[PDB]
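I have placed the structure first, in the form of structure tokens, so that the comments after it can refer back to it.
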Amino acid sequence: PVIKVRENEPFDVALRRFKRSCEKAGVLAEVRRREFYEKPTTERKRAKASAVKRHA
Amino acid sequence: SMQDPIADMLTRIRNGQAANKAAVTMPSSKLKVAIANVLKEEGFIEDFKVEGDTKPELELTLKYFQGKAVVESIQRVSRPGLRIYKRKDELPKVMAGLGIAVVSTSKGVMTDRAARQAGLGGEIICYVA
Amino acid sequence: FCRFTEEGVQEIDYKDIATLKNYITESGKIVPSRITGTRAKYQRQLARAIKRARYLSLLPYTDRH
RNA sequence: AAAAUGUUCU
RNA sequence: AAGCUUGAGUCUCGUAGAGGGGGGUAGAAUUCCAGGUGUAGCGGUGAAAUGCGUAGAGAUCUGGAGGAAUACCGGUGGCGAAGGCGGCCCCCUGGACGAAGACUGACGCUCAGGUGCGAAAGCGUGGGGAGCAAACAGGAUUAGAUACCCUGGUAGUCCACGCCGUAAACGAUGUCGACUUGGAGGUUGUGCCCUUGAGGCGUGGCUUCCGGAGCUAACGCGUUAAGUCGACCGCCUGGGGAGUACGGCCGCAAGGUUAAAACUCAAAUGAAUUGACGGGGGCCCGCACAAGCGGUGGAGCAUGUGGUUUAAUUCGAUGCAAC
Ligand SMILES: [Mg+2]
Ligand SMILES: [Mg+2]
Ligand SMILES: [Mg+2]
Ligand SMILES: [Mg+2]
Ligand SMILES: [Mg+2]
Ligand SMILES: [Mg+2]
Ligand SMILES: [Mg+2]
Ligand SMILES: [Mg+2]
Ligand SMILES: [Mg+2]
Ligand SMILES: [Mg+2]
Ligand SMILES: [Mg+2]
Ligand SMILES: [Mg+2]
Ligand SMILES: [Mg+2]
Ligand SMILES: [Mg+2]
Ligand SMILES: [Mg+2]
């Protein structure tokens, strides 16, 4: 999520933009996922659950 | 594999009856044809049509008396994994003669009663109720 | 809306970076099929192409170097 | 963060 | 004995695929090393400590080494007989599917014994060894804590060639075939159509979800069945004893496999139902908390209780709901 403040632009706005970019990337989430090792089986189960949820 | 044709045919008939199919088609066979004829004679189907030269399709027109099936049940007694041959004395009767046993005999495929009359029995192909 | 299908392509080209880099995000990640609306086969092909590009260093793996 | 158990037969 | 083409195969052209084996390499990241910058913390947790750090850690940049795994794509997506298989590239290689047509002509299906493959762990010899991590150690937590948390950390995880041969190896559903209402998708072909546009109409393969009949103990399953039938094999006969003992066979061992008996219980089990409970979820409430104020528990006395004492200290009330 590389950002650079353009000419005549507030700080807060820039920060917000950066945050948005990060969210889009999925950086924090990714990090969280990689904080601990999930067993492949566990991961698969999770995926399945997600799929089920999606079927509304 | 298609290891019993007669049985398969019977099953098809039964399924048709269940699902309210006006007709039921399958690969024809001489024995199969005979069976169909017998059924027709006895009263359980309307008509059978053996349509084709190289690959003949037997097409049975199923009956539906008062919105339900005429063929109450249709079980193979004889089957490839265990054949059943009855002597004249042994010959079965389906629902105390309110339903037929298609038996293959030395003088053609016929209902059990017919066989009995003749003075013979044989491979009891299928109970039709 | 899948573009590749519309175009009528037999396979996506790794050499065609201009097309590919619409389907990779700013960070360098390969964009999802559900988002871009790509057909599944095409998506796989596209991904492969992207990978190839990265290997050859036409596209970047990530936006760090 | 930490919270163990419940004498028998009715 | 002769045939036939529907089953089963073969060929033509394509198709998608983490199918398998071998070999290359790519980038990110962790670790370590060397060097620079810099300074009191870093690290960790619930909080701590162990640990690492003024010998300069952590942070931060540069260069290197290595090992392992391949973010995103990534999808009840795909392929594989199942196990499983995930960066990209190449070489070898198996299957599946479709399109037509041509050919063989029942060559099929199933299969005890047998043979092969078979996750993970494990074992054997030799390599490798970053990260993770049984064991182990220390620190915590604890009443104890041979655990969960932390810090480390060896075997193992990686590779090569063998062995092991089991898993909730599961869809807890043997294989092959036929048939029976539908819908919503996914995936991958293919024929047709002014593609007048991302479309329209089919027809196949594989596959997820719902759901009809029917089946089921119900749960559910339901054209990929747990429906309807057929072929073949496997397995079951109350629970515990026990998948244990003995023996055999297999294994380097671990063990596996085959598989009892006595004795013993009158249950064991499944599904669902009403409750209750949950250190499950949601909504809501009462001096329930919070917010306050005043107490009690400390003292002296009054009073009741327990206990002890007593000849008797009448009997009863004894968690809130007795005192
Ligand atoms: Mg011929
Ligand atoms: Mg292993
Ligand atoms: Mg540990
Ligand atoms: Mg310890
Ligand atoms: Mg080893
Ligand atoms: Mg087993
Ligand atoms: Mg599963
Ligand atoms: Mg089983
Ligand atoms: Mg269903
Ligand atoms: Mg044993
Ligand atoms: Mg229950
Ligand atoms: Mg209060
Ligand atoms: Mg007192
Ligand atoms: Mg007082
Ligand atoms: Mg008293």
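As shown in the structure tokens, the chain order sets the letters A, B, ...; within each chain, residues go from 1, and ligands are also counted from 1 in the order they appear.
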
request  = Taking only C-alpha atoms (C1' of nucleotides) and all ligand atoms into account, report as a ChimeraX atom specification which residues have an atom no farther than 12 Å from an atom of ligand 14.
outcome  = /E:296-302

Near-ligand residues for ligand 4, threshold 10 Å, only C-alpha atoms (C1' of nucleotides) and all ligand atoms, as a PDB file with N, CA, C and O atoms (P, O5', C5', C4', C3', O3' and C1' of nucleotides), in the first residue's frame:
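This went into pocket.pdb:
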ATOM      1  P     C E 136       9.362 -34.682  28.830  1.00  0.00           P
ATOM      2  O5'   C E 136      10.737 -33.902  29.009  1.00  0.00           O
ATOM      3  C5'   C E 136      11.993 -34.604  28.963  1.00  0.00           C
ATOM      4  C4'   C E 136      13.128 -33.652  28.677  1.00  0.00           C
ATOM      5  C3'   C E 136      13.145 -32.369  29.485  1.00  0.00           C
ATOM      6  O3'   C E 136      13.501 -32.638  30.835  1.00  0.00           O
ATOM      7  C1'   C E 136      13.589 -31.852  27.240  1.00  0.00           C
ATOM      8  P     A E 137      12.761 -31.875  32.027  1.00  0.00           P
ATOM      9  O5'   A E 137      13.445 -30.440  31.991  1.00  0.00           O
ATOM     10  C5'   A E 137      14.874 -30.338  32.036  1.00  0.00           C
ATOM     11  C4'   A E 137      15.314 -28.922  31.784  1.00  0.00           C
ATOM     12  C3'   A E 137      14.548 -27.823  32.506  1.00  0.00           C
ATOM     13  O3'   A E 137      14.926 -27.789  33.876  1.00  0.00           O
ATOM     14  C1'   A E 137      14.855 -27.206  30.263  1.00  0.00           C
ATOM     15  P     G E 138      13.847 -27.446  35.005  1.00  0.00           P
ATOM     16  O5'   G E 138      13.755 -25.859  34.923  1.00  0.00           O
ATOM     17  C5'   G E 138      14.943 -25.056  35.034  1.00  0.00           C
ATOM     18  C4'   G E 138      14.727 -23.694  34.425  1.00  0.00           C
ATOM     19  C3'   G E 138      13.510 -22.924  34.905  1.00  0.00           C
ATOM     20  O3'   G E 138      13.674 -22.364  36.202  1.00  0.00           O
ATOM     21  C1'   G E 138      13.609 -22.803  32.562  1.00  0.00           C
ATOM     22  P     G E 139      12.389 -22.116  37.122  1.00  0.00           P
ATOM     23  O5'   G E 139      11.580 -21.023  36.296  1.00  0.00           O
ATOM     24  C5'   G E 139      12.149 -19.721  36.100  1.00  0.00           C
ATOM     25  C4'   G E 139      11.237 -18.872  35.256  1.00  0.00           C
ATOM     26  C3'   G E 139       9.868 -18.603  35.850  1.00  0.00           C
ATOM     27  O3'   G E 139       9.977 -17.586  36.838  1.00  0.00           O
ATOM     28  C1'   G E 139       9.673 -19.099  33.539  1.00  0.00           C
ATOM     29  P     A E 140       9.020 -17.593  38.115  1.00  0.00           P
ATOM     30  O5'   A E 140       7.675 -16.960  37.542  1.00  0.00           O
ATOM     31  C5'   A E 140       6.409 -17.637  37.647  1.00  0.00           C
ATOM     32  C4'   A E 140       5.542 -17.292  36.463  1.00  0.00           C
ATOM     33  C3'   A E 140       4.051 -17.507  36.678  1.00  0.00           C
ATOM     34  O3'   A E 140       3.477 -16.344  37.266  1.00  0.00           O
ATOM     35  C1'   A E 140       4.721 -18.555  34.661  1.00  0.00           C
ATOM     36  P     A E 145       3.453 -27.181  41.077  1.00  0.00           P
ATOM     37  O5'   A E 145       2.742 -27.429  39.675  1.00  0.00           O
ATOM     38  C5'   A E 145       2.775 -28.738  39.077  1.00  0.00           C
ATOM     39  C4'   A E 145       2.197 -28.721  37.683  1.00  0.00           C
ATOM     40  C3'   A E 145       2.419 -27.441  36.863  1.00  0.00           C
ATOM     41  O3'   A E 145       2.694 -27.711  35.489  1.00  0.00           O
ATOM     42  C1'   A E 145       0.166 -28.040  36.793  1.00  0.00           C
ATOM     43  P     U E 146       4.158 -28.125  35.000  1.00  0.00           P
ATOM     44  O5'   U E 146       4.256 -29.665  35.400  1.00  0.00           O
ATOM     45  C5'   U E 146       3.352 -30.649  34.855  1.00  0.00           C
ATOM     46  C4'   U E 146       4.135 -31.758  34.201  1.00  0.00           C
ATOM     47  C3'   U E 146       3.347 -32.652  33.246  1.00  0.00           C
ATOM     48  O3'   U E 146       4.061 -32.850  32.031  1.00  0.00           O
ATOM     49  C1'   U E 146       4.392 -33.976  34.897  1.00  0.00           C
ATOM     50  P     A E 147       3.711 -31.951  30.761  1.00  0.00           P
ATOM     51  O5'   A E 147       3.255 -30.574  31.419  1.00  0.00           O
ATOM     52  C5'   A E 147       2.914 -29.436  30.611  1.00  0.00           C
ATOM     53  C4'   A E 147       1.502 -29.563  30.092  1.00  0.00           C
ATOM     54  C3'   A E 147       0.926 -28.311  29.443  1.00  0.00           C
ATOM     55  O3'   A E 147       1.362 -28.235  28.091  1.00  0.00           O
ATOM     56  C1'   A E 147      -0.629 -29.167  30.994  1.00  0.00           C
TER      57        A E 147
END

Surroundings of ligand 1 up to 10 Å, based on only C-alpha atoms (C1' of nucleotides) and all ligand atoms, as a PDB file with N, CA, C and O atoms (P, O5', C5', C4', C3', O3' and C1' of nucleotides), in the first residue's frame:
ATOM      1  P     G E   3     -18.751 -66.215 -38.683  1.00  0.00           P
ATOM      2  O5'   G E   3     -19.787 -65.005 -38.625  1.00  0.00           O
ATOM      3  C5'   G E   3     -20.303 -64.509 -37.374  1.00  0.00           C
ATOM      4  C4'   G E   3     -21.713 -63.991 -37.560  1.00  0.00           C
ATOM      5  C3'   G E   3     -21.931 -62.520 -37.239  1.00  0.00           C
ATOM      6  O3'   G E   3     -21.654 -61.710 -38.380  1.00  0.00           O
ATOM      7  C1'   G E   3     -23.556 -63.819 -36.110  1.00  0.00           C
ATOM      8  P     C E   4     -21.109 -60.211 -38.203  1.00  0.00           P
ATOM      9  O5'   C E   4     -22.298 -59.481 -37.435  1.00  0.00           O
ATOM     10  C5'   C E   4     -23.485 -59.050 -38.126  1.00  0.00           C
ATOM     11  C4'   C E   4     -24.481 -58.467 -37.151  1.00  0.00           C
ATOM     12  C3'   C E   4     -24.032 -57.218 -36.409  1.00  0.00           C
ATOM     13  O3'   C E   4     -24.254 -56.063 -37.216  1.00  0.00           O
ATOM     14  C1'   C E   4     -25.037 -58.749 -34.890  1.00  0.00           C
ATOM     15  P     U E   5     -23.268 -54.800 -37.131  1.00  0.00           P
ATOM     16  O5'   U E   5     -23.686 -54.110 -35.760  1.00  0.00           O
ATOM     17  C5'   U E   5     -24.969 -53.478 -35.613  1.00  0.00           C
ATOM     18  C4'   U E   5     -25.170 -53.021 -34.188  1.00  0.00           C
ATOM     19  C3'   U E   5     -24.318 -51.832 -33.748  1.00  0.00           C
ATOM     20  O3'   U E   5     -25.162 -51.006 -32.948  1.00  0.00           O
ATOM     21  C1'   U E   5     -23.871 -53.664 -32.343  1.00  0.00           C
ATOM     22  P     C E 103     -16.650 -49.354 -40.521  1.00  0.00           P
ATOM     23  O5'   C E 103     -15.609 -50.046 -39.535  1.00  0.00           O
ATOM     24  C5'   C E 103     -14.322 -50.451 -40.030  1.00  0.00           C
ATOM     25  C4'   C E 103     -13.416 -50.870 -38.900  1.00  0.00           C
ATOM     26  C3'   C E 103     -13.896 -52.017 -38.032  1.00  0.00           C
ATOM     27  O3'   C E 103     -13.822 -53.273 -38.699  1.00  0.00           O
ATOM     28  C1'   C E 103     -12.968 -50.342 -36.660  1.00  0.00           C
ATOM     29  P     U E 104     -14.854 -54.441 -38.329  1.00  0.00           P
ATOM     30  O5'   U E 104     -14.353 -54.914 -36.893  1.00  0.00           O
ATOM     31  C5'   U E 104     -13.037 -55.470 -36.739  1.00  0.00           C
ATOM     32  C4'   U E 104     -12.703 -55.709 -35.285  1.00  0.00           C
ATOM     33  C3'   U E 104     -13.634 -56.628 -34.517  1.00  0.00           C
ATOM     34  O3'   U E 104     -13.313 -57.975 -34.848  1.00  0.00           O
ATOM     35  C1'   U E 104     -13.110 -54.737 -33.189  1.00  0.00           C
ATOM     36  P     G E 105     -14.442 -58.968 -35.399  1.00  0.00           P
ATOM     37  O5'   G E 105     -15.350 -59.218 -34.117  1.00  0.00           O
ATOM     38  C5'   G E 105     -14.763 -59.517 -32.837  1.00  0.00           C
ATOM     39  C4'   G E 105     -15.689 -59.073 -31.733  1.00  0.00           C
ATOM     40  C3'   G E 105     -16.990 -59.860 -31.638  1.00  0.00           C
ATOM     41  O3'   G E 105     -17.393 -59.989 -30.287  1.00  0.00           O
ATOM     42  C1'   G E 105     -17.477 -57.590 -31.977  1.00  0.00           C
TER      43        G E 105
END

ask   = Within 8 Å of stretch 31-34 of chain C, counting only C-alpha atoms (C1' of nucleotides), which residues qualify if same-chain residues fewer than 4 places away don't, as a count of residues only?
value = 9

May I have the residues within 7 Å of ligand 12, computed using only C-alpha atoms (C1' of nucleotides) and all ligand atoms, as a PDB file with N, CA, C and O atoms (P, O5', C5', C4', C3', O3' and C1' of nucleotides), in the first residue's frame?
ATOM      1  P     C E 289     -26.568  -5.546  44.633  1.00  0.00           P
ATOM      2  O5'   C E 289     -25.695  -5.058  43.394  1.00  0.00           O
ATOM      3  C5'   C E 289     -24.483  -5.750  43.060  1.00  0.00           C
ATOM      4  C4'   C E 289     -23.964  -5.316  41.712  1.00  0.00           C
ATOM      5  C3'   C E 289     -23.283  -3.962  41.654  1.00  0.00           C
ATOM      6  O3'   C E 289     -21.978  -3.969  42.221  1.00  0.00           O
ATOM      7  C1'   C E 289     -24.679  -4.227  39.768  1.00  0.00           C
ATOM      8  P     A E 290     -21.423  -2.659  42.956  1.00  0.00           P
ATOM      9  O5'   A E 290     -21.471  -1.555  41.807  1.00  0.00           O
ATOM     10  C5'   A E 290     -20.502  -1.548  40.743  1.00  0.00           C
ATOM     11  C4'   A E 290     -20.848  -0.508  39.700  1.00  0.00           C
ATOM     12  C3'   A E 290     -20.917   0.938  40.178  1.00  0.00           C
ATOM     13  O3'   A E 290     -19.623   1.528  40.216  1.00  0.00           O
ATOM     14  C1'   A E 290     -22.829   0.455  38.883  1.00  0.00           C
ATOM     15  P     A E 291     -19.321   2.713  41.240  1.00  0.00           P
ATOM     16  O5'   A E 291     -20.575   3.675  41.044  1.00  0.00           O
ATOM     17  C5'   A E 291     -20.616   4.691  40.021  1.00  0.00           C
ATOM     18  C4'   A E 291     -21.624   5.747  40.405  1.00  0.00           C
ATOM     19  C3'   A E 291     -21.511   6.229  41.846  1.00  0.00           C
ATOM     20  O3'   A E 291     -20.542   7.268  41.873  1.00  0.00           O
ATOM     21  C1'   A E 291     -23.764   5.676  41.357  1.00  0.00           C
TER      22        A E 291
END

key: Point-to-point distance from atom CA of residue C:36 to atom CA of residue C:22, Å rounded to tenths   = 9.4 Å

key: From A:48, A:24, A:19, A:6, residue lying nearest chain E [only C-alpha atoms (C1' of nucleotides)]   =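 Under the stated criterion, the closest residue is A:48.
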
task = Please identify the residues whose atoms come within 8 Å of ligand 10, using only C-alpha atoms (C1' of nucleotides) and all ligand atoms, and report them as a ChimeraX atom specification.
result = /E:243-244,256-257

query = Residues of chain E within 10 Å of chain C, using only C-alpha atoms (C1' of nucleotides), as a VMD selection string?
reply = chain E and resid 16 25 to 28 71 to 75 77 87 to 89 187 to 188 195 197 to 198

message = Taking only C-alpha atoms (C1' of nucleotides) and all ligand atoms into account, list the residues no farther than 9 Å from ligand 3, as JSON, numbers by chain.
response = {"E": [133, 150, 151, 152, 153]}

task = Please write out the residues within 12 Å of ligand 7 as an NGL selection string, counting only C-alpha atoms (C1' of nucleotides) and all ligand atoms.
result = (:A and (41-42 or 44-45 or 48)) or (:E and (76 or 168-172))

message = Counting only C-alpha atoms (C1' of nucleotides) and all ligand atoms, what are the residues, protein, DNA or RNA alike, that approach ligand 5 to within 10 Å? I want them as a list in words.
response =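 If we count only C-alpha atoms (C1' of nucleotides) and all ligand atoms, the neighbours of ligand 5 turn out to be residues 122, 123, 124, 125, 155, 156, 157 and 158 of chain E.
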
Closest-contact table, chain E side, partner ligand 11, 8 Å, counting only C-alpha atoms (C1' of nucleotides) and all ligand atoms, as JSON lines:
{"residue": "E:270", "atom": "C1'", "partner": "ligand 11", "partner_atom_place_in_ligand_line": "1 (Mg)", "distance": 7.9}
{"residue": "E:271", "atom": "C1'", "partner": "ligand 11", "partner_atom_place_in_ligand_line": "1 (Mg)", "distance": 7.0}
{"residue": "E:272", "atom": "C1'", "partner": "ligand 11", "partner_atom_place_in_ligand_line": "1 (Mg)", "distance": 7.8}

Can I get the selection written as a PDB file, in the first residue's frame, with N, CA and C atoms (P, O5', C5', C4', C3', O3' and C1' of nucleotides)?
ATOM      1  P     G E 270     -25.441 -43.197  20.846  1.00  0.00           P
ATOM      2  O5'   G E 270     -26.413 -43.153  19.591  1.00  0.00           O
ATOM      3  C5'   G E 270     -25.887 -43.390  18.279  1.00  0.00           C
ATOM      4  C4'   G E 270     -27.009 -43.634  17.307  1.00  0.00           C
ATOM      5  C3'   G E 270     -28.000 -42.496  17.145  1.00  0.00           C
ATOM      6  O3'   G E 270     -27.467 -41.505  16.283  1.00  0.00           O
ATOM      7  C1'   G E 270     -29.176 -44.506  17.431  1.00  0.00           C
ATOM      8  P     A E 271     -27.377 -39.995  16.770  1.00  0.00           P
ATOM      9  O5'   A E 271     -28.829 -39.443  16.436  1.00  0.00           O
ATOM     10  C5'   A E 271     -29.236 -39.322  15.068  1.00  0.00           C
ATOM     11  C4'   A E 271     -30.731 -39.445  14.945  1.00  0.00           C
ATOM     12  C3'   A E 271     -31.564 -38.405  15.675  1.00  0.00           C
ATOM     13  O3'   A E 271     -31.569 -37.173  14.965  1.00  0.00           O
ATOM     14  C1'   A E 271     -32.491 -40.532  16.052  1.00  0.00           C
ATOM     15  P     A E 272     -31.280 -35.795  15.726  1.00  0.00           P
ATOM     16  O5'   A E 272     -32.697 -35.430  16.359  1.00  0.00           O
ATOM     17  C5'   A E 272     -33.813 -35.121  15.507  1.00  0.00           C
ATOM     18  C4'   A E 272     -35.099 -35.656  16.083  1.00  0.00           C
ATOM     19  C3'   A E 272     -35.645 -34.919  17.298  1.00  0.00           C
ATOM     20  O3'   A E 272     -36.359 -33.751  16.904  1.00  0.00           O
ATOM     21  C1'   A E 272     -35.634 -37.234  17.738  1.00  0.00           C
TER      22        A E 272
END

inquiry  = Would you pick out the contacts of stretch 59-65 of chain E at 10 Å or less, using only C-alpha atoms (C1' of nucleotides), so that residues sharing its chain but fewer than 6 positions from it are not included, and give the list as a ChimeraX atom specification?
reply    = /E:32-38,42

request  = For atom CA of residue B:12 and atom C1' of residue E:203, quote the distance in Å rounded to one decimal.
outcome  =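 For atom CA of residue B:12 relative to atom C1' of residue E:203, the distance reads 24.4 Å.
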